[PDB]
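Single chain ahead, by itself, as structure tokens, in the form deposited without this ligand.
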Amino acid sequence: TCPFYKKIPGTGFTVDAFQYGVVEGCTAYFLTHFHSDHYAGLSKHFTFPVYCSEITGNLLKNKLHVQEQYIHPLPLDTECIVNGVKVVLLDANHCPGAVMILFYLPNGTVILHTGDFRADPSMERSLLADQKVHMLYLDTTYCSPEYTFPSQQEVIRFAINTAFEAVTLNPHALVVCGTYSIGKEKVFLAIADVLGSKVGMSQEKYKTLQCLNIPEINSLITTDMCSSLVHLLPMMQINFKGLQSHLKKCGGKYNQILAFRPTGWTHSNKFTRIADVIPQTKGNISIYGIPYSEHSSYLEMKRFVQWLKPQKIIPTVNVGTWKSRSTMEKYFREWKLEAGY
């Protein structure tokens, strides 16, 4: 059965609630983004209205075969009426297609559901500027001060310079980048662009990227592995064994691999600056772990919430333990006393 923090009071609506069967009195199911924990349950057999972005709609149709009659895409930054209630979708700065949802309740209450998001000062100049929010349903993935990481721009700078240096020293090196879902596409796109190559991948991954409305995509990716010196592989294969095995298949074109594993936060963030990061190396294979986050740092989260000044906060991540829930409630009270709302 569907938990409370996925229901929107005073509406027939749920958010990211497809794994519970038929939800009593749900007339429209919202999906914030195409990540498996959130879409869990959708398929070609689903027969209720799904509301989402255009990009999420492309993935539902082509990857999950959801029938077209039940896909309701909405434009961003635009007031829309759904089942007699005003809603707006806003960019979440998460993965492609990810939204936040503003609901304007018939009784005068305003609710923001962040989905998964990476808070940014640019959100203080969206349609959120205009008015009050009474309840915030918040992506609390990294709600603790130990969670620090650099900007996406610094991480990409590090990856481009690392790849360009290595391939200029050795023109016979191959670059490999891990993936297991959408998001983080800038890692492999920026590397390929500096190297003057398309990105090679499987047919299944090429299909997924074709759903994402990335400009000039046909100029950036390919299924012809032989033509490309930046390859994508599933994340589970980014290890000394998997990469040895991959190099065998390239037909003596390459004598070295340099690989990247994007992660979220890891404990080596607690000591080592992005500049100072070093790889793990065995023979002619080197693997860099790089902390490319699509969720708010503690400081970014705190900034956003202090600016918005919500009356109540409902966390949507780390809700399963008493210690987690208690820790989060203490931070929300400090933020409120410090800023005076």
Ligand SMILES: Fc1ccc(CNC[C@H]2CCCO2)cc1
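From 1 onward, residues are counted along the sequence shown.
Missing here is the form solved in complex with this ligand; even so, the following discussion is about that form.
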| item | value |
| --- | --- |
| Single option in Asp224, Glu146, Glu204, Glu79 placed near this ligand in the entry with it bound, where near means a heavy atom within 4.5 Å | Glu146 |
| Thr141: touches this ligand in the entry with it bound, heavy atom cutoff 4.5 angstroms | yes |
| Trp265: touches this ligand in the entry with it bound, heavy atom cutoff 4.5 angstroms | yes |
| Candidate stretches 225-233, 194-202, 79-87, 146-154 - the one whose heavy atoms come within 4.5 Å of this ligand in the entry with it bound | 146-154 |
| Residues within 4.5 Å of this ligand in the entry with it bound, restricted to 293-323 and counted by heavy atom | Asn318 |
